[PDB]
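Everything on this sheet refers to the single structure shown next.
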Amino acid sequence: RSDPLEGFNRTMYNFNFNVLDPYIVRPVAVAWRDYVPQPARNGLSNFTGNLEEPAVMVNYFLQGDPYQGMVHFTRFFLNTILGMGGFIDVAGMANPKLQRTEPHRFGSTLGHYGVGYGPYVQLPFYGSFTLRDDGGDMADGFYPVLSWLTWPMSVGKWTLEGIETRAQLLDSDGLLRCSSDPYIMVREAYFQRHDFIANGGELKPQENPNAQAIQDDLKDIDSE
Amino acid sequence: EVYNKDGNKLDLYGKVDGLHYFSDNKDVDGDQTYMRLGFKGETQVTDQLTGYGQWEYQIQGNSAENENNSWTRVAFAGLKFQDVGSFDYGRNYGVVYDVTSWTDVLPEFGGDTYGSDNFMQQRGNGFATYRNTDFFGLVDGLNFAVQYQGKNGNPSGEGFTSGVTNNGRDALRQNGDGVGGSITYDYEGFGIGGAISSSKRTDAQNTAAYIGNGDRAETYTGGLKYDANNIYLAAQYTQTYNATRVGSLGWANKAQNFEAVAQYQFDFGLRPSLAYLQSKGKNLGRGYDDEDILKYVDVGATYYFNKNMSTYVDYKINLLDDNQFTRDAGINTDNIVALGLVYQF
Amino acid sequence: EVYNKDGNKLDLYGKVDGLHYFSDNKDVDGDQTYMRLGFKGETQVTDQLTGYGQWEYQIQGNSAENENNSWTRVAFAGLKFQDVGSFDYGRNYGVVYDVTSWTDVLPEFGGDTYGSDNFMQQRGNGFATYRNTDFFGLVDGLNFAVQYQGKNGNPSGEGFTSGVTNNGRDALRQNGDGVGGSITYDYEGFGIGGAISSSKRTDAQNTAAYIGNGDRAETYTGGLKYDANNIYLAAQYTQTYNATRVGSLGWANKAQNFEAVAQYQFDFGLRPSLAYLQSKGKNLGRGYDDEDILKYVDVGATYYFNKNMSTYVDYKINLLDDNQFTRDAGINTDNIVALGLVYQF
Amino acid sequence: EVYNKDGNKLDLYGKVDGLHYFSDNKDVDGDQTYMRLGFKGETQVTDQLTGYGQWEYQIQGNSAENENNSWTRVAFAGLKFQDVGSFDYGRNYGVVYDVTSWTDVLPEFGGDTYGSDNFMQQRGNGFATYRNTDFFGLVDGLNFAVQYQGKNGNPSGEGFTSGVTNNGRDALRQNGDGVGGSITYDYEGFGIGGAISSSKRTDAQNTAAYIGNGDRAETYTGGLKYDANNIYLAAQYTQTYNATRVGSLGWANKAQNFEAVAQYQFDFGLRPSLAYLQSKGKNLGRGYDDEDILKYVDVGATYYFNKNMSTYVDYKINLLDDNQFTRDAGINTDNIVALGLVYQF
Amino acid sequence: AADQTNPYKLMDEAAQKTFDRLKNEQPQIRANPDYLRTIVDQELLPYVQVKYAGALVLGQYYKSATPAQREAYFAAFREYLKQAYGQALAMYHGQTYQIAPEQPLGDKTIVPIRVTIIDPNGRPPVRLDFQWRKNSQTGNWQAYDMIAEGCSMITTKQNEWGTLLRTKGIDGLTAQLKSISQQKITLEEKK
Ligand SMILES: CCCCCCCCCCCCCC(=O)O[C@H](CCCCCCCCCCC)CC(=O)O[C@@H]1[C@@H](NC(=O)C[C@@H](CCCCCCCCCCC)OC(=O)CCCCCCCCCCC)[C@H](OC[C@H]2O[C@H](OP(=O)(O)O)[C@H](NC(=O)C[C@H](O)CCCCCCCCCCC)[C@@H](OC(=O)C[C@H](O)CCCCCCCCCCC)[C@@H]2O)O[C@H](CO[C@]2(C(=O)O)C[C@@H](O[C@]3(C(=O)O)C[C@@H](O)[C@@H](O)[C@@H]([C@H](O)CO)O3)[C@@H](O)[C@@H]([C@H](O)CO)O2)[C@H]1OP(=O)(O)O
Ligand SMILES: CCCCCCCCCCCCCC(=O)O[C@H](CCCCCCCCCCC)CC(=O)O[C@@H]1[C@@H](NC(=O)C[C@@H](CCCCCCCCCCC)OC(=O)CCCCCCCCCCC)[C@H](OC[C@H]2O[C@H](OP(=O)(O)O)[C@H](NC(=O)C[C@H](O)CCCCCCCCCCC)[C@@H](OC(=O)C[C@H](O)CCCCCCCCCCC)[C@@H]2O)O[C@H](CO[C@]2(C(=O)O)C[C@@H](O[C@]3(C(=O)O)C[C@@H](O)[C@@H](O)[C@@H]([C@H](O)CO)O3)[C@@H](O)[C@@H]([C@H](O)CO)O2)[C@H]1OP(=O)(O)O
Ligand SMILES: CCCCCCCCCCCCCC(=O)O[C@H](CCCCCCCCCCC)CC(=O)O[C@@H]1[C@@H](NC(=O)C[C@@H](CCCCCCCCCCC)OC(=O)CCCCCCCCCCC)[C@H](OC[C@H]2O[C@H](OP(=O)(O)O)[C@H](NC(=O)C[C@H](O)CCCCCCCCCCC)[C@@H](OC(=O)C[C@H](O)CCCCCCCCCCC)[C@@H]2O)O[C@H](CO[C@]2(C(=O)O)C[C@@H](O[C@]3(C(=O)O)C[C@@H](O)[C@@H](O)[C@@H]([C@H](O)CO)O3)[C@@H](O)[C@@H]([C@H](O)CO)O2)[C@H]1OP(=O)(O)O
């Protein structure tokens, strides 16, 4: 799909990914993966999810999901009470069907009914940013539990969340520069994680157009 | 469970509850932990005439070492025939509880419209119940029972010469010789019940220090239950005269209790519970005219980790004002938050 | 029996007593529902030494929810060695009760001649009893035992000085340091017994507010029993000096207690029971002379459904008068009939 | 372990102890037979989540048949994951008790510096403890824990217009909202422990002249242990502020108490013991400058027959002297000898 | 050809044969770029099957499905692979080819094989990490990946061919392989 502002959104992305990334984010990612123990990282990851659990349940109720709405309520209740503020994954090990799930912000509800994506702007020090999903996230600040966070502590959680996800992306960092134009693959990667069937975040990690379909008939294909 | 030999089987059970109350009344808040201990045996005398027994004991763990707070909940034993019914004598439930058992499935705030040893409304002493199952093996779901009560009056040997019995207590939980019965029917997922009981009042309950006068007190109830497809929907209406305890100072002359419950069962274990309770006690003979005894909305959910342990939360929304009558009676008018863990073995 | 490990045998016994009382005297009218709970374990250290221990509890279920009555019946531990004897210390039965147990065989009544903590007459506290079996393996049926009693005084909660112990009691249940013993012989069917005990009297038991003063309370008790051909015959006459409690006034100086029972066993489980007991005094004080402390005749039958649940009916006829002596001491002078069923596990 | 089915595990434990104290002091001389009874269940919900519970009761067998001296010791429930630690809420032990239990090795005596329900030092009500083992499975022997406390104060039903609680007691065990934690290090025999506690006290705690006054009470512990080659050596020294009960006079602002034990378990059952206890009171009120609250040395031995049956003799030499402070507080200042018999099952 | 038991030995032999053929027939490649593709078919195409290495070219799109989309990844992919390998071989002007030793791979579905190439003009070395896979259908040691200088170039077109397949489908890339295979190699000219 064509997008406006073709002249811009290109030099800023290169500066943010080739100057700020390998000089500040990259050195701190290696130390975080090595010096910080795995149990410490796991505890911080569950703490961030617990703070957004009473916020994603409202999104499911707006679109309509009695089964999924109660799933998040149980996770928040068990993590806060039986996990001392969500420091451990109480609900993760309680049931195999109650594992971690991707959060659904206010943008998921807007996309379920059908809304325009609008222009795409790469915000500095933030990465991908969109008006419908990322720009529509400023709606849960009036709900309880989330309104108790002030500006300094709230921005700390966002930095912590980005650092945690950087460790998993350090093993597969070679594919970012593999393509001729890294901007093209980044835009499509973010769009594929927010334009699934009936929105709802991202779908399972699979490719619809015949993924691994030729491996089952390679007996008569490899001979040529 | 722990012993099965020579036709005798013992099923030891119990539950330890660690509960805490969060409220601004400063009268019920704090630690409210308690534990239940008891057994449930069963012996097969022959191929037709069987027998069983049940005992329970509740000990409050929130007290100190110098104070003990324990009481017996149910303690009864009796035989059970194959197709003519069963008869058991001892401490068991009343006749009104057989119809009210469908609207008190709330985790913590359940059965607040009555009290123990109060005109056959809850567990009482000296209860002789004859219950027949399946109407002597004729129809399915049609169950009926008949219960009788002894005489309990003034305490023995403490400044009393009339109405004295070996198990005397205060006049707040005294009752005479009464007879009651309950009829229930469950064809397919739908339950209908109704009980009529009448118990005589002792002389100590007719004094001028407590409200409510009458030689005989009659209680009427009735409700419907629906438990199918993991959906619970029950509601009952109760109309008792000189039976419900309005705090202190005796009982109200006429009360119209109304209870309704609604619960759902999920596949992962969560069991949300929403219920509404009403109690419009009128015809008060002390100038208090029409007043509300109890009225609150409870919303909560219970999560079952397994068949032996579960976690629940509760939120009692008390929308009743605190007037002069409520303060004298001693009824809580503010919201109470209940949360705790239960371990049943 | 719930534990059968290597030298860790443990048996869990108990029963539930559902009974009701019917009498003209309202002081004992009502219900006397109670239950017994406790464990009984036995260990095996070596081929000769053997450890054992048991505990019994009794709680009355006829009380309300505001209070409860609880007391420990027996609680003792000790070791048993092969053919040399056994010594156990704790809450156990006296040596005199070993021969008196042949008389009070009624399901509910019987044993009303004495009371709790009445020196070496019933289950006391702080008893050091040494028991032997088969007289060091020499003769069959001949057994003997000795017992020592500790000193108990006033409670330490209040200032009383003199004799004060941690396990304090009232002025009608205290005891001193005494030594007792018993000798019993068991023949084929026939049986004889004899016990002699003497307990010291504290300074709080011979005051001016209680009838009966003295330093020693020596008692002599015989015994005769016959358990053969499915019949039960027992006779026992004893003389008690300054140890038999009469009402609440105090202790009789000299009393002659005689009791005899007779029971028959039927094929289908019927066990009729007849008993006669007299407690006529000899040297009573404060104006009393030749006054009967207790005199009643009990007749009833016991139906044995099985070894777990049994039913019985009791009818006690009081042959004593209602003069000022009985009214002052508060002794029951009305016939009591009690019927019910018990379930033991 | 009497029940093991579908992952459910129930364990029954307890002991019977017959104590016959011999001493010149009237407040401690006499029989002190007590019995412990309880269960310990554990349910395996999933592979990485296991539930468990614990309950215990203590009934004194030295009382009469008309008095009850039963109280609870521990009653809590919680959930245990694979390796994150452990969290349980209910009646449990404090963080200080986890470190000070090294010197609590005597059979009957020991640990007399603190008291029951004395803040976060022993068992109490409304205890929420989170304990982590092996530092989330990272190192070996390094464990730490945190705890939380409620706000139990004066009884609600006592006509008090100040802060009250439903599970109230006398003005000697109340405590406000406080936090505490402990850290312990384990090794091959050697051990390092340490706890830090700080809990608020209610206003009623320092209303009258209670000797010690203050807004907050701090408690710092610490000790070393050595359990290797059948040798048990421990020594713990702590300094608490307004946390140790002097007696019936109030609280001590400053208290420096140190204890040390020494044991050597022989091969032939006998386990001789040697412990010393000292407690120095500083900054006392009402004219007291510097005096010793508790100071004695305990010499004794324990003989376990095979695994459970044990006979022990204890004799603690009290180095304290009789004065006005001890008479008013009510603390014994004489050497006592205790004999017991513990039968575990 | 390709071995069936030792994948490392087959890769080393294929690399040596390709280097020897290019050096012995250097004038032939310059005279006719298409001639180098035929020689590379017996050196680099035999060591990596088209179906086994159907990820670098026409991986996400075209494939072997849709009835007519068969001359882009299975049938005509052999010529495209030879042309791509021939162009890289013709770029060098006498670069030394180092054959790695027969490292132990074991029984697994991922057999990583790498080689070392050092240019004679002073350029940095380029490592050809052609990862092999033990396919059940084809027992020959066929490389399932193509990595140059350590960069995973096997999936370079995997995430880039999806944009063209979203509109033109799988038939839009059917003729892409035919044009690439028919295109002659472009030898590097020294300036
Ligand atoms: C298991 C994990 C283990 C531990 C893990 C981590 C380790 C540490 C964790 C705890 C540390 C907290 C910090 C602290 O501990 O802090 C300091 C310590 C300093 C730093 C030390 C840090 C150490 C770090 C160690 C790290 C180790 C890793 C000392 C202190 O403790 O500060 C104290 C304060 N804070 C706390 O107690 C803890 C704390 C307060 C707690 C916050 C609210 C509760 C949260 C919910 C709990 C969650 C449930 C699990 O702290 C807070 O703030 C928030 C802190 C955030 C964390 C809290 C976590 C607690 C839960 C524990 C985990 C389960 C406390 O403030 C006031 C409190 O009063 C309420 O009662 P009310 O109901 O309103 O009456 C509530 N009372 C409670 O107990 C809460 C509750 O019962 C206990 C909950 C927990 C217990 C166990 C539960 C677990 C059960 C699990 C079962 C499975 C409470 O909440 C409220 O609002 C209302 C209510 O809760 C909220 C409603 C609850 C809703 C929850 C349900 C939702 C469920 C969701 C499901 C979907 C509220 O805060 O009281 C005095 C103030 O003095 C005054 C005052 O000014 O009020 C003076 C006086 O006033 C005057 C006046 O002038 O008016 C003067 C007079 O002359 C006179 O006139 C009188 C007049 O006659 C009458 O008034 O009044 C007087 O009134 C007095 C008393 O009232 C009466 O004597 O109090 C402070 O002393 P101070 O600061 O030292 O001076
Ligand atoms: C299973 C086995 C069964 C048994 C086997 C054998 C069977 C026979 C046994 C009994 C026969 C004995 C003779 C007898 O039984 O004798 C007669 C009966 C005669 C006929 C007998 C026939 C027998 C038949 C046999 C048949 C054979 C086929 C009656 C009587 O009983 O005589 C009585 C005396 N004798 C005994 O009781 C038995 C006896 C007691 C002696 C104690 C020995 C130590 C116990 C051993 C423990 C065993 C260890 C395992 O002695 C002895 O023979 C020694 C023998 C040992 C016997 C006990 C052993 C049993 C345990 C077995 C375990 C295996 C007793 O004397 C005094 C006792 O006081 C102490 O308390 P305190 O010190 O204050 O605390 C101690 N108190 C005790 O209870 C001891 C203890 O608690 C219980 C014992 C243990 C029981 C259980 C143990 C088992 C536990 C094991 C558990 C597994 C005790 O020792 C003491 O000191 C010492 C103190 O313990 C400390 C002891 C040290 C501890 C060491 C242990 C560690 C060992 C180390 C091991 C490594 C000392 O003896 O009291 C009155 C005297 O009257 C007075 C007096 O003058 O004092 C008058 C009055 O005084 C005045 C005053 O002037 O002051 C006068 C007034 O005008 C006025 O002024 C006021 C003034 O205003 C205020 O004062 O008061 C007043 O005070 C009153 C009372 O105090 C309060 O009312 O007493 C006598 O009455 P009377 O003479 O007839 O008139
Ligand atoms: C599971 C089974 C199936 C279900 C059960 C059965 C089905 C339905 C029930 C039956 C229906 C009718 C019941 C009723 O409910 O009846 C009506 C109801 C009306 C219609 C309602 C519906 C009915 C139909 C429903 C249909 C449903 C389909 C109302 C009422 O209730 O009538 C009431 C009367 N009747 C009954 O209660 C039921 C009833 C009483 C019981 C009769 C005894 C039966 C024996 C039991 C059998 C055992 C089984 C094995 O009788 C009877 O009908 C006989 C029937 C038998 C019933 C027993 C059932 C047991 C079943 C067990 C099965 C195993 C009752 O009369 C008096 C009773 O008092 C005694 O105590 P005391 O002697 O004093 O100690 C005895 N008290 C008892 O509790 C008995 C006992 O405890 C419990 C019974 C058993 C329960 C448990 C059994 C199970 C045990 C375990 C089993 C394993 C009792 O017998 C006695 O004598 C003595 C004794 O029992 C008999 C002797 C013993 C011999 C028997 C032993 C057998 C041994 C067997 C060996 C093989 C005697 O009857 O009291 C008031 C009267 O008011 C007064 C009065 O005038 O007396 C006024 C007042 O007097 C004055 C005065 O003038 O003196 C006037 C003043 O102005 C002033 O002057 C002062 C003055 O200053 C001072 O005095 O006082 C005052 O004194 C007051 C009180 O005393 C104190 O406040 O009483 C009446 O009220 P009212 O009529 O409405 O006005």
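Where a number appears in this text, it was derived from the coordinates with a stated rule and is not lab data. All Cβ positions, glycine included, derive from the backbone under ideal geometry; neighbour counts span all protein chains shown.
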Looking at D:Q263, is it touching a strand residue (DSSP E or B) at 6+ places or on another chain (Cβ under 7 Å), part of a strand (DSSP E or B), away from chain C (no Cβ under 14 Å) and crowded, with 19+ Cβ neighbours inside 10 Å?
yes
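Within the stretch D:136-154, identify whether any single residue is over 30 Å from B:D24 (Cβ atoms) and either without any contact (Cβ under 8 Å) to a residue 12 or more places away in the chain or hydroxyl-bearing (S, T, Y) (or both), and answer yes or no.
Yes: one or more hits.
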Going by what's in this entry, would B:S70 be described as over 18 Å from the mean Cα position of the chain (by Cα) and not charged (D, E, K, R)?
no
Determine which single condition E:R78 fails, assuming it passes every other condition in (1) within 14 Å of chain A (Cβ to nearest Cβ); (2) crowded, with 18+ Cβ neighbours inside 10 Å; (3) assigned to a loop (DSSP other than H, G, I, E, B).
(3)
Give the residues of the stretch C:238-250 that are assigned to a strand (DSSP E or B), over 20 Å from C:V95 (Cβ atoms) and not aliphatic (A, V, I, L, M), sorted by residue number.
C:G250
Can you list the strands (runs of 3 or more DSSP E) found entirely within the stretch C:5-72 that contain at least 2 residues being under 30 Å from B:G159 (Cβ atoms) and within 7 Å of another protein chain (Cβ to nearest Cβ)?
C:8-23
Quick one: count up the residues across the stretch C:81-113 that are of a type in the set (S, T, Y), part of a loop (DSSP other than H, G, I, E, B) and more than 16 Å from C:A260 (Cα to Cα).
1
Which condition breaks for E:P124 when tested against (1) touching a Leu at 6+ places or on another chain (Cβ under 9 Å); (2) assigned to a loop (DSSP other than H, G, I, E, B); (3) closer than 23 Å to A:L175 by Cα; (4) not charged (D, E, K, R)?
(1)
Within the stretch C:313-338, considering residues that are touching a strand residue (DSSP E or B) at 6+ places or on another chain (Cβ under 9 Å) and within 14 Å of chain B (Cβ to nearest Cβ), the one farthest from ligand 3 (Cβ to nearest atom):
C:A329
Residue among C:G178, C:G191, C:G212 that alone is within 10 Å of ligand 2 (Cβ to nearest atom) and in contact with a strand residue (DSSP E or B) (Cβ under 6 Å, 6 or more places away or on another chain):
C:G178
Among the residues of the stretch A:155-174, is any surrounded by 12 or more Cβ atoms within 10 Å (Cβ to Cβ), assigned to a loop (DSSP other than H, G, I, E, B) and more than 14 Å from chain E (Cβ to nearest Cβ)?
yes
Can you work out which of the residues in the stretch D:201-226 that are over 18 Å from D:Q149 (Cα atoms) and part of a strand (DSSP E or B) is farthest from ligand 1 (Cβ to nearest atom)?
D:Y226
Would you confirm whether any residue within the stretch C:181-204 is under 21 Å from D:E65 (Cβ atoms), buried (at least 22 other Cβ atoms within 10 Å of the Cβ) and not β-branched (V, I, T)?
yes
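For (1) within 14 Å of chain D (Cβ to nearest Cβ); (2) assigned to a loop (DSSP other than H, G, I, E, B); (3) touching a strand residue (DSSP E or B) at 6+ places or on another chain (Cβ under 8 Å), each residue gets a yes or a no:
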site	(1), (2), (3)
A:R75	no, no, no
A:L78	yes, no, yes
A:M84	yes, yes, yes
A:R100	no, yes, no
A:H112	no, no, no
A:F125	no, yes, no
A:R132	no, yes, no
A:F142	no, yes, no
A:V145	no, yes, no
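E:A68 - would you say it is under 25 Å from E:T186 (Cα atoms) and not acidic (D, E)? Lay out the reasoning, then the answer.
Numbers: under 25 Å from E:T186 (Cα atoms): no; not acidic (D, E): yes.
It is false that E:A68 is under 25 Å from E:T186 (Cα atoms) and not acidic (D, E).
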Which count do you get for residues in the stretch A:22-38 that are surrounded by fewer than 15 Cβ atoms within 10 Å (Cβ to Cβ) and under 22 Å from D:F135 (Cα atoms)?
6
Just to be sure I understand the filter: pairs with C-beta atoms under 8 Å, separated by 6 or more residues or on different chains, first member in the stretch D:16-31 and among the polar types (S, T, N, Q), second member within 8 Å of ligand 2 (Cβ to nearest atom). Which pairs pass?
D:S23/D:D29; D:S23/D:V337
Name the residues in the stretch C:134-168 that are closer than 30 Å to C:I192 by Cβ and more than 12 Å from ligand 2 (Cβ to nearest atom), would you?
C:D134, C:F135, C:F136, C:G137, C:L138, C:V139, C:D140, C:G141, C:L142, C:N143
In the stretch D:134-155, what residues are crowded, with 19+ Cβ neighbours inside 10 Å and either among the charged types (D, E, K, R) or assigned to a loop (DSSP other than H, G, I, E, B) (or both)?
D:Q149, D:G150, D:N152, D:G153
Report yes if E:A53 is more than 21 Å from E:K184 (Cβ to Cβ), within 14 Å of chain A (Cβ to nearest Cβ) and in contact with a strand residue (DSSP E or B) (Cβ under 7 Å, 6 or more places away or on another chain), otherwise no.
yes
Check the stretch D:112-122 and report whether any residue there is surrounded by 17 or more Cβ atoms within 10 Å (Cβ to Cβ), within 9 Å of another protein chain (Cβ to nearest Cβ), near ligand 1 (Cβ under 10 Å from one of its atoms) and under 23 Å from B:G61 (Cα atoms).
no
Let me confirm something: among A:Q68, A:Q99, A:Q63, which residue is under 25 Å from D:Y130 (Cβ atoms) and away from ligand 1 (no atom under 16 Å from the Cβ)?
A:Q99
Just a yes or no: is a residue in the stretch A:60-76 closer than 30 Å to D:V146 by Cα, without any contact (Cβ under 8 Å) to a residue 24 or more places away in the chain and surrounded by fewer than 17 Cβ atoms within 10 Å (Cβ to Cβ)?
no
Subset tally (residues that are closer than 18 Å to C:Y210 by Cβ and either surrounded by fewer than 19 Cβ atoms within 10 Å (Cβ to Cβ) or within 16 Å of ligand 3 (Cβ to nearest atom) (or both)) for the stretch C:156-180
6
Can you tell me which condition D:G78 does not meet? The list is (1) within 30 Å of B:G269 (Cβ to Cβ); (2) in contact (Cβ under 8 Å) with a residue 40 or more places away in the chain, and all the others hold.
(2)
Checked the stretch B:316-331 for anything assigned to a loop (DSSP other than H, G, I, E, B) and within 17 Å of B:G300 (Cβ to Cβ); matches are B:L319
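Yes or no: the stretch B:182-195 includes at least one residue that is of a type outside the set (A, V, I, L, M), near ligand 3 (Cβ under 10 Å from one of its atoms) and part of a loop (DSSP other than H, G, I, E, B).
No; the residues of the stretch B:182-195 include none that is of a type outside the set (A, V, I, L, M), near ligand 3 (Cβ under 10 Å from one of its atoms) and part of a loop (DSSP other than H, G, I, E, B).
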